[PDB]
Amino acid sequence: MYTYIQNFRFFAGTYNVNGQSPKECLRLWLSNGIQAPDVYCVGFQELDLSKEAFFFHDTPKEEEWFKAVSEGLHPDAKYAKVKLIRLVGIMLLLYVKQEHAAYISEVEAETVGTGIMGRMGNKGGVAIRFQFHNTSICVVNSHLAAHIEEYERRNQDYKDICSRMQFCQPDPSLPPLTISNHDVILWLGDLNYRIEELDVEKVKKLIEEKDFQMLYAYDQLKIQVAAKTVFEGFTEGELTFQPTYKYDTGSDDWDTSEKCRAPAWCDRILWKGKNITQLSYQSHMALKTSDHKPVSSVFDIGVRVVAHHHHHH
């Protein structure tokens, strides 16, 4: 046989749905005029805020949002469900075009709670890793700790995900698979890093003026990554969309409750590995089901394809 690099189109999405059932068609998120992706990696947070889901019960929110997403994928291609994984309200879905189904192997999913008592599932991460052709890929969906002052807990949450997430090994004599041990890592979710120092009315005003350079200079994720305390070697595209948190339900108004929570770029998509090229990075204002807005991104990722020759002598 022989081998070559081929670009396939990866969509990555993250959406914190605030414990709500889907009430809106998700084509605006998943298939907004773009070309049909080869792979869909769709992640959720706060799927179900009930006591029941928190204590590991099954939730109808799962099937509800799965169908919502299935129906939302690009109508020009037939998509195969590869894998679903959920811890409490953190759910990751992996689809691929039916063409590619035969070349997906070694699918493993795992979860890690980092919430109450540092081990429950109100916060944490879930991951699906797999081999597409001869490229190892791991997709991680995490919901890190809330609130401005808890940036150091968000750091630790990231650490625990990174050290506890262990995938199964076809060869038992080798060390278990960790997230790092992959050709391609996409990390998405409500990473929940807020705006430091600046006060609430400053932020909104700075957002109203669309100066996303000055606001970004005080973004906690940037800061911490700069201090090399989290996400070493990861990259993120330029943020050309306004903060994706926190809104009033059913509108584009900033949280008007008594908490009057400041805006933030809670919901992010980061990556690491070779031959990854980000084509877009967008939020989707139209969808008003949640107090967050959903965020998408499309990559051209170069996969190592091993194939058969045609008669060529």
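For the two forms, the rigid core is made up of the largest set of C-alpha atoms that agree within 1.5 Å on superposition. When you see a residue number, it is the position in the sequence shown, counting from 1.
RMS Cα deviation from the shown model in 4 other deposited structures of this protein, rigid core fit, is larger for 164-172 than for the other stretch of the pair 164-172 / 124-132. For the pair 53-61 and 267-275, greater average C-alpha departure from the shown form in 4 other deposited structures of this protein after core alignment is found in 53-61.
Between the stretches 39-47 and 284-292, it is 284-292 that shows the larger average CA temperature factor. Stretches compared: 110-118, 161-169. Higher mean C-alpha B-factor in the entry: 161-169. You'll see in the entry that, of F241, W187, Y151, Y95, the Cα B factor peaks at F241. In the deposited entry, the Cα temperature factor of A102 sits in the middle third of values across the chain's modelled residues. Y218: CA B factor in the highest third of modelled residues in this chain (values from the PDB entry). Placement of the Cα temperature factor of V82 within the chain: lowest third of the modelled residues, per the deposited record. In the deposited entry, the Cα temperature factor of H147 sits in the middle third of values across the chain's modelled residues.
Placement of the Cα temperature factor of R129 within the chain: lowest third of the modelled residues, per the deposited record.
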